[PDB]
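Here the structure comes first, spelled out in structure tokens, and everything after it is commentary.
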Ligand SMILES: [K+]
Ligand code: NA
């Protein structure tokens, strides 16, 4: 069982800069290592194989090196198209892939605008209750949402979804939805979503009472 | 030609 | 130009079989080894199988060996993946890929990939979404901006499409990726931020179209007095 670990998990850069990516193997794979680029909603593209060889038509600005358990891809003169996910792959023992490194566009910090939405009367009438917490147009991508029901921290009853980085402003938006049965929802009074983010000096909490808004 | 796998290792014949 | 064309995606019930195909053009297919590789956001890329120059020369990942069969028909330039005894865990994007195939002495690297076929393994029935408003309020406006939206809940299979005001409102719209619920149904939200002053005097309608069920909804979203 051979594992490949990529780092950094995320790299924030600007067009024209240089990116340095690393792939580490659990045990030696000699030079049996390749690198792929995958743009959102597209097929992977082979960049480098046998650790340092460029695939046909691949520009020299993609440069691979390393051996044994330690490998590096550098990408010089980043292009708009290069902001994508990069994967390593070994063929020393069967075939496995790293988990990827995400390359995104750097911009200034922007705190999210936070909105909470109680479940509609219609939904409740249907027997379930979804409370939606929206974090709008923020940067960087990392943000945390903590639900509190009557001040008690919650776990396991929510799902989160994040947009792709926005073309226009390079920001992200995020939805976190707390789902409860109608009775369970009706059993508690205060609903709150508490947000933390780099652009926020202290957590932002938006809340409402059951039956109100 | 032929592709050989021997306990995970790849070879060509 | 080199081309790998994959069969279209769709749904299949657990326990059943499904054969995917991939047809090559623009190169001499017979001279290349071929692979199937799948991808999920949760588990990443997973190699599944290789077939080499000779159509009887094949290998498989431990995970699918004896369940999946790879094959090739050189006269039709087609690569097949026959998947049997499918489980929900086989839900993934399935790529065919060409091996570098000894060009410049290298092998077992994927030098060209198809666009992928999305396979959904699920026992869920086709179901249209329930659409619920996410109402704005003057209480909830932040810095002169209000947020409103629609929650598109409990549909199958993917995808749904959402527009606002029939496509007339695009600025400030964010439609989130769907999430699969423990029920086997999908849910997503679509939101838009608008000037807080336009709440009373501007109509906001979310148009939801679920083509897999051929289902349409127009839902007017109105402010609440909080
Ligand atoms: K095998
Ligand atoms: Na599904």
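Chains as they are written, first to last, in the working numbering: chain D, 495 to 707; chain U, 8 to 20; chain A, 2 to 227. We put the CB at the ideal spot given by N, CA and C, even for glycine.
(Q) Helix, strand or coil, according to DSSP, for residue 89 of chain A in the structure here? (A) For residue 89 of chain A, the secondary structure class from DSSP, reduced to helix, strand or coil, is helix.
Q) Is it a yes or a no for the region 115–129 of chain A touching the region 182–198 of chain A, going by three-plus beta-carbon pairs under 8 Å? A) Output reads yes: the region 182–198 of chain A touches the region 115–129 of chain A.
Q | When A/149, A/71, A/7 and A/29 are compared against residue 96 of chain A, the one with the closest alpha-carbon | A | Of the listed residues, the one whose Cα sits closest to residue 96 of chain A is A/7.
Q) Would you say residue 53 of chain A reaches chain U, if we count a Cβ-Cβ gap shorter than 8 Å as a contact? A) Under the 8 Å criterion on CB atoms, residue 53 of chain A is classed as interfacial with respect to chain U.
Q.
For residue 504 of chain D and residue 596 of chain D, which I take to be in contact (beta-carbon distance under 8 Å), what is that distance rounded to the nearest angstrom?
A. With 8 Å as the limit, residue 504 of chain D and residue 596 of chain D qualify as a contact, their Cβ atoms being about 5 Å apart.
Q) If you draw a straight line from the alpha carbon of residue 130 of chain A to that of residue 50 of chain A, how long is it in whole angstroms? A) Computed Cα separation, rounded: 37 Å.
Q | Residues bridged to residue 45 of chain A (per DSSP) | A | A/41.
Q: Report the three-state DSSP secondary structure of residue 23 of chain U (helix, strand or coil).
A: Lying outside 8 to 20, the shown extent of chain U, residue 23 of chain U is not represented and no answer is given.
Q | Assigned exposure category for residue 4 of chain A - 16 Cβ within 10 Å defines buried | A | With fewer than 16 other CB atoms across the displayed protein chains lying within 10 angstroms of its CB, residue 4 of chain A is exposed.
Q.
Can you list, in chain order, the residues of its chain with a C-beta nearer than 7 Å to that of residue 164 of chain A? Leave out the 5 residues immediately preceding and following it.
A. So the qualifying residues of the chain are 208.
Q: Using only alpha-carbon positions, find the residue among D/706, D/536, D/533 and D/558 that is nearest to residue 542 of chain D.
A: For residue 542 of chain D, the nearest C-alpha among the options comes from D/558.
Q | Environment of residue 617 of chain D [buried if 16+ CB atoms lie within 10 Å] | A | Sixteen is the threshold: when 16 or more other Cβ atoms of the shown chains lie within 10 Å of the Cβ of residue 617 of chain D, as they do, the residue is buried.
Q: Going by CA-CA distance only, name the one from A/79, A/223 and A/215 that's closest to residue 159 of chain A.
A: Nearest C-alpha to residue 159 of chain A among A/79, A/223 and A/215: A/215.
**Q.** residue 154 of chain A at chain D interface by Cβ criterion, 8 Å
**A.** Look at residue 154 of chain A: its C-beta is under 8 Å from a C-beta on chain D.
Q. Just to confirm, does residue 585 of chain D get its C-beta within under 7 Å of one of the non-hydrogen atoms of ligand 1?
A. No, the Cβ of residue 585 of chain D stays beyond 7 Å of every heavy atom of ligand 1.
Q) Which partner residues of residue 701 of chain D appear in the DSSP bridge assignment? A) Residue 701 of chain D pairs with D/686.
Q | The alpha helix (DSSP H) enclosing residue 678 of chain D, as first and last residue numbers | A | Per DSSP, residue 678 of chain D belongs to the alpha helix (DSSP H) from 676–680.
Q: Note down, in chain order, all residues in the region 212–227 of chain A with a beta-carbon under 7 Å from any beta-carbon belonging to chain D.
A: Within the region 212–227 of chain A, the qualifying residues are 225 and 227.
Q | Limits of the alpha helix (DSSP H) - the one that residue 618 of chain D falls within | A | Looking at the DSSP string, the run of the alpha helix (DSSP H) that includes residue 618 of chain D is 615–620.
Q: Indicate whether at least one CB of chain U lies closer than 8 Å to the CB of residue 110 of chain A.
A: No, residue 110 of chain A lies away from the interface with chain U (no Cβ there is under 8 Å from its Cβ).
Q: Spatial neighbours of residue 579 of chain D within its chain, please: CB distance less than 6 Å, with the 5 preceding and 5 following residues excluded, ordered by chain position.
A: Once the five neighbours on either side are set aside, the close Cβ partners of residue 579 of chain D are 532, 594 and 596.
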